[PDB]
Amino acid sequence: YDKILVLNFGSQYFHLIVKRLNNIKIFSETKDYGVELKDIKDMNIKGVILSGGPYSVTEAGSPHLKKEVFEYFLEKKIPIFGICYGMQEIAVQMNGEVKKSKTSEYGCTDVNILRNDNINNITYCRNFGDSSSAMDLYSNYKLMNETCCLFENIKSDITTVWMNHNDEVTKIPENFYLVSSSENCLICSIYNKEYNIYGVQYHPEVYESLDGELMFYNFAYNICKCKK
C-alpha cells in the first residue's frame, strides 16, 4: 500500500485525521512524536502528517520530532503536512520562531488564501504591526504567483476552518512561502517548494473545516502521488 504516516503530538482531534484519510480511501499508519527511524525505515511512506497538540512547542518536556527522523523525510523527499502544533514543530525545526498569539483563536474562522495578486483581499492589515497597506504588510514575506497546490480546487479565496491555538509562528521558517492569513493569525499557513512541506495553523481534520477533506485529497494524491 501507499502508506501515509500520521504522527501523534497529543491531539484531541487526532483520530479525525485517520477519518479524513479513510474517507478518501488512503492507508494510514499512526506513530507517536518520538517515532524512531528503525520503525519506519522499511515502510512504503509517501507522506507524513504531523498532528496538533495541547502542549507548548517552546516549553520544555513538550513532544518533538527527532532531528534525525525529520531530516530523513527531507532527504527521502517525503512531503510533510503540519497541523496546528505540527506546523509549529516544522517552524522550530527549520529556523523559525513561535510566540504566544496577541489574540488566540477558537472555533470557526475564515482564512484568506494568499497569492501576489489577491493581497488586497486583506482588509485587516493594521492588525499586524499597524501596517499602512496590505502591499506594505506582505513586503516582508514571500508569496506565490499561483495558488498553493494544497488549496487546489477550492472555490473561493476564503476557506472556513476550525481554530484552536494560543501560539503562532512569528518568524517563518527558511525559504518558506506565506500562503494564508486570518484576522488574528498573520502566518496562518506556510509552504516550502523544494522540500514539499505544508503547514496549517487550523484543523482541516475537523468537520467544521469545510474544505479540510479537499486538502487531504490534494496532499495524499496530488502531492504524495498515492494510489487508491
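The first residue of the sequence shown is number 1, and the count goes up from there.
As the entry records it, the average C-alpha temperature factor is higher for 38-46, out of 170-178 and 38-46. Higher mean CA temperature factor between 47-55 and 66-74: 66-74, per the PDB entry. Among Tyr207, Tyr13, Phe9, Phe219, the highest C-alpha B-factor recorded in the PDB entry belongs to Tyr207. When the Cα B-factors of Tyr85, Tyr141, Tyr106, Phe81 are read from the PDB record, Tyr106 comes out highest. Annotation for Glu89: CA B-factor lies in the lowest third of the chain's modelled residues. In this PDB entry, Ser156 carries a Cα temperature factor that places it within the highest third of its chain's modelled residues.
When the CA B factors of the chain's modelled residues are split into thirds, the value for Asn112 lands in the lowest one. When the modelled residues of the chain are ordered by their C-alpha B factor, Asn184 lands in the highest third. When the CA B factors of the chain's modelled residues are split into thirds, the value for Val200 lands in the lowest one.
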